[PDB]
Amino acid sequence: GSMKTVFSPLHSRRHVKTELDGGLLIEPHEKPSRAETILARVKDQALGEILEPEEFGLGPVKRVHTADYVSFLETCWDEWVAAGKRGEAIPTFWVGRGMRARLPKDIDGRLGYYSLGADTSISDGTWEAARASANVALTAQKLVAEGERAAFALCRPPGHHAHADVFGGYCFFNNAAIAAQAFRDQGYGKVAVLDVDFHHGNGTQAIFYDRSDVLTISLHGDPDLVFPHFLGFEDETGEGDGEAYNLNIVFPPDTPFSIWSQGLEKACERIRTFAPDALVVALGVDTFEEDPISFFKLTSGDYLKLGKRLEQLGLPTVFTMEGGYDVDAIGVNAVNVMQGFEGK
């Protein structure tokens, strides 16, 4: 069975040089070779047709992200350079506990207001790559809505950590949330977003937190121990009409696929009772045993089983690429999910 992949070469326009890590500025983990290695394996395995995204404009993006946030991402680098800063655009101050969530005028204050971390430098081309990556997800969703059983959105930058008006965790536009909202806007009554990336999809959770029409599930490492730290706990089950439409399943270091799979089954069962009309899978392969910044122990073969189990949900499915940082295996791992899904 074949599956189409949407890939944009514009991802390379985001090529930052610094990442704040352990008190030093290091080479960034979320680097362009990630997207190129997955794309190469897609070709090598003849998974299916590869296409460039169509341009949907900011309309579908602003169905999820606030107008102010979108404007800020467009002008942030220019404002940063104009203000005389010499590094890449990195937050120095933020709304600390006890302060007001009030938007200030200065670039440093806006940059903290709209962020949850300092590891996600902004520079020239970030706006364009974030736009292109959102259009990648939207093209995959159009492919599925127009007849494809599934499509692979090879997004870079990733998306699942981005709130309606907060960037961080290498994410700017929540590609999965945008594709989910695209389904809803096109008449799909109910959408599930399943987050199998190693880290919590905190952005997706926040975006739909008070809603029952989009079910949000994430499996991830314990946020007591890893990013995002301040969301992702198992007591976060929604609010208002969204109560019982968010589900976090956390795991500790050294978790093997046998145990992680038990969490997947719980997720799948919650999807079954929810009975959605479409599925968005925010796919990260940083659950891999050789991932440099994560502590699960999945093997490359386990990604074939993952894709097989997702296919058994029987839903229209859009895969949005999130994390995964072992550059030798990232291509093999991600395409294995797709090949698993296609019965291979």
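The first residue of the sequence shown is number 1, and the count goes up from there.
- prompt: Mean C-alpha B-factor higher for 48-56, or for 288-296?
  reply: Mean B over CA atoms: larger for 288-296.
query: Looking at the entry, does 116-124 or 131-139 show the higher mean C-alpha B-factor?
result: It is 116-124.
Out of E236, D195, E79, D106, highest CA B-factor residue: The C-alpha B-factor peaks, among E236, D195, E79, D106, at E79.
field: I38, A275, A278, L306, ranked by C-alpha B-factor: the highest one
entry: That would be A275.
field: Where the record places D165 (Cα B-factor, split into thirds across the chain)
entry: Answer is lowest: the recorded C-alpha B-factor places it there.
message: Is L315 in the lowest, middle or highest third of its chain when residues are ranked by C-alpha B-factor?
response: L315: CA B-factor falls in the middle third of its chain.
- prompt: Sorting the chain's CA B-factors, does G242 end up in the lowest, middle or highest third?
  reply: Highest third.
- request: Report the third (lowest, middle or highest) to which the CA temperature factor of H15 belongs, ranking only the modelled residues of the same chain.
  value: Top third by C-alpha B-factor.
- request: Within this chain's modelled residues, let me know which third the CA B factor of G159 belongs to: lowest, middle or highest.
  value: As the PDB entry reports it, the C-alpha B-factor of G159 lands in the lowest third of its chain.
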